[PDB]
Each structure stands twice: as C-alpha cells, then as structure tokens.
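In what follows, a single structure is set out as structure tokens and then discussed.
Along the sequence shown, the residues carry numbers beginning at 1.
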Amino acid sequence: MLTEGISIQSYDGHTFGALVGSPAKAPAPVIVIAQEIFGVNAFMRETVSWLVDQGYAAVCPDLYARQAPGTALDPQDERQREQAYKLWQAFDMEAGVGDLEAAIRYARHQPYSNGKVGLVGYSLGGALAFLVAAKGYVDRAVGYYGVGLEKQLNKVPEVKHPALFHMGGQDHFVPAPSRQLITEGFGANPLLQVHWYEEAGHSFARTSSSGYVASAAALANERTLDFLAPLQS
C-alpha cells in the first residue's frame with residue numbers, strides 16, 4: 001500500500017511513491033523506513049503506525065518501483081516469497097541508496113517536519129541503512145539484520161553520524177566469522193553501535209515471521225526508540 005498522490009523524484013529523474021504517516025502533533029522528526037524484501041506491505045504499515053504512535057512522522061518509499069511499482073508481497077505466501085527473492089536479487093543497491101536520499105530530502109521539508117530525519121531499515125533496508133550511514137544523509141540511522149554487512153566494512157570510517165544495528169545471533173546469513181568481522185570492524189568507530197540478540201535469527205522483529213522473537217524484538221525496538229528520541233523537539 002502507498003499513499004495516493006505521493007511522488008518523490010530521485011537523482012536520475014526516476015519517480016516513486018511512498019506510504020506516509022503524518023505525525024500526531026506537528027512539528028515532528030521524520031523517519032524514512034527502508035523496506036524488507038517484500039515491498040511496501042503490512043509490516044511497513046505497522047511500522048509507520050508504531051512510529052506515529054511514538055511521536056514521529058514516517059515515510060516508507062517504494063524502493064522496488066524501478067522494477068515494478070506498487071509491489072506489496074505477503075511473506076507467508078510461498079509464491080510471493082519467490083517473487084520477493086527475485087526482486088531482491090535484481091535490486092540495484094546504489095539506486096536504492098539514491099532513492100532513499102531523495103526520500104530523506106523529501107522528509108526534511110514536509111509541512112509537519114521539524115527538520116530532523118532518521119532512517120530505520122529491516123533486512124534489505126538494514127543493508128541500505130548502513131550504506132546511507134556511510135553517505136551521511138540522515139541525522140541517525142538504524143538497521144535490523146542487514147545481509148552482507150561483513151562485506152561493507154571498508155565504509156566504517158566514512159560514518160559521521162550515529163547509526164545503530166540489531167543483529168540476530170542465529171541468523172543463517174551471518175556465520176560466526178562474519179559476526180566477528182563486523183564486531184571488530186564496528187568497534188573502530190564509536191558512532192556505530194551493534195547489538196547481538198543471541199536467541200534470534202533473521203526477521204525477528206516481524207510478528208508474521210517464523211523467526212519472530214518477542215523478547216528480542218521488544219529490546220531492539222526500545223533501543224531504537226531511545227536512539228531516535230534525541231531527534232524530537
């Protein structure tokens with residue numbers, strides 16, 4: 001689902017939609033939410049709702065719009081999961097970061113904005129949150145279980161604003177040696193935080209996942225909220 005009429009123009013002229021939630025009371029900081037591999041779907045709407053309840057506005061851009069506008073896949077449906085994986089494999093990460101940059105600029109100057117912008121991303125969006133943190137586009141970035149973070153550690157010294165990452169200890173994407181590389185690499189830059197949740201794997205913060213873990217979700221989420229709170233007026 002997207003908010004009808006919302007259109008955001010990217011660097012290269014590509015335009016895309018977004019799901020927007022205006023804040024309960026304005027002005028407010030705006031959080032750009034970077035999707036999982038399933039487009040802008042129920043978990044994205046739930047996350048917009050949550051952040052609005054917590055005193056934010058939120059913008060969730062349609063990052064698959066370069067491939068197919070309006071993708072919103074049910075992660076419990078096998079055939080739709082297959083299409084999600086195909087879209088993820090074809091996904092242009094750099095163009096993703098560019099679209100997020102354009103969403104962040106949009107978020108800065110909406111009527112309801114206090115001018116501060118955060119980013120929270122999950123899975124694919126967690127990977128994108130690290131790349132965005134290296135570019136420095138946002139005031140604060142948060143990633144949940146990005147894939148391949150161990151391959152991006154050359155970017156650690158580029159990070160100039162705070163970023164927070166929540167990783168599942170049982171995430172099959174992240175074997176022990178990768179966790180060690182990430183831990184050591186991140187430790188070099190105190191603007192980065194990474195927490196490991198020993199009893200949780202991928203997708204642990206999404207209730208509809210077979211990998212949902214309520215205790216890990218709740219602790220990660222309260223950490224995210226405490227980390228974003230300084231953006232609030």
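- Between the side chain of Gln67 and the backbone N or O of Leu87, at least one donor-acceptor pair lies under 3.5 Å.
- For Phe204 and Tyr145, the ring centers are positioned less than 6.0 Å apart.
- Separation of atoms CG (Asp74) and OG (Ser208) is listed at 7.5 Å; rounding is to 0.5 Å.
- Under the 4.5 Å side-chain heavy-atom criterion for ILVMFWY residues, no single connected hydrophobic cluster contains both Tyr212 and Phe43.
- Here the side chains of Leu100 and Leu128 are in contact, with some heavy-atom distance below 4.5 Å.
- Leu153 has its side chain within reach of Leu181: a pair of non-hydrogen atoms, C-beta onward, lies under 4.5 Å apart.
- By the 4.5 Å heavy-atom criterion applied to side chains, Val30 and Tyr106 are not counted as neighbours.
- Using a 4.5 Å heavy-atom cutoff, the side chains of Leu73 and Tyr85 are not in contact.
- Of the possible donor and acceptor atoms, one in the side chain of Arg140 sits under 3.5 Å from a partner among the backbone N and O of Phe227.
- In this structure, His166 and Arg223 have side chains that are in contact, with non-hydrogen atoms separated by less than 4.5 Å.
- There is a path of hydrophobic side-chain contacts, each under 4.5 Å, that joins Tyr137 to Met93.
- The side-chain hydrogen bond (donor to acceptor under 3.5 Å, both in side chains) pairs that include a residue from residues 149-161 number zero, where partners must be two or more places apart or lie in different chains.
- Shortest non-hydrogen contact noted between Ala18 and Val59 is CB-CG1, 3.9 Å.
- Ring orientation note: the planes of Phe91 and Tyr64 are nearly perpendicular, at an angle over 60° on the 30°/60° scale.
- Checked against the 6.0 Å centroid criterion, the rings of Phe186 and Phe165 qualify as a close aromatic pair.
- Between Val117 and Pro29, the closest side-chain pair of non-hydrogen atoms is not below 4.5 Å.
- Counting heavy atoms from C-beta outward, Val40 and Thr71 have side chains that stay 4.5 Å or more apart.
- Residues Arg179 and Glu198 are paired through a salt bridge, judged by an N-O separation under 4.0 Å between the basic side chain and the carboxylate.
- Contact check on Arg66 versus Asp99 returns a salt bridge, with a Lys/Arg side-chain nitrogen under 4.0 Å from an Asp/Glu carboxylate oxygen.
- To the nearest 0.5 Å, the span separating CG on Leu19 from CD on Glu4 amounts to 12.5 Å.
- A donor-acceptor pair under 3.5 Å is absent between the side-chain atoms of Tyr112 and the main chain of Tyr56, judged by distance alone.
- With rounding to the nearest 0.5 Å, the separation of CG in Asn221 from CG in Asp226 is 11.0 Å.
- Within the 4.5 Å cutoff, side-chain heavy atoms of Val194 are placed close to those of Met167.
- More than 12 heavy atoms of other residues, nucleotides or ligands sit less than 6.0 Å from atom NE2 of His109.
- For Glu36 and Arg206, the salt-bridge test passes: some basic side-chain N is under 4.0 Å from an acidic carboxylate O.
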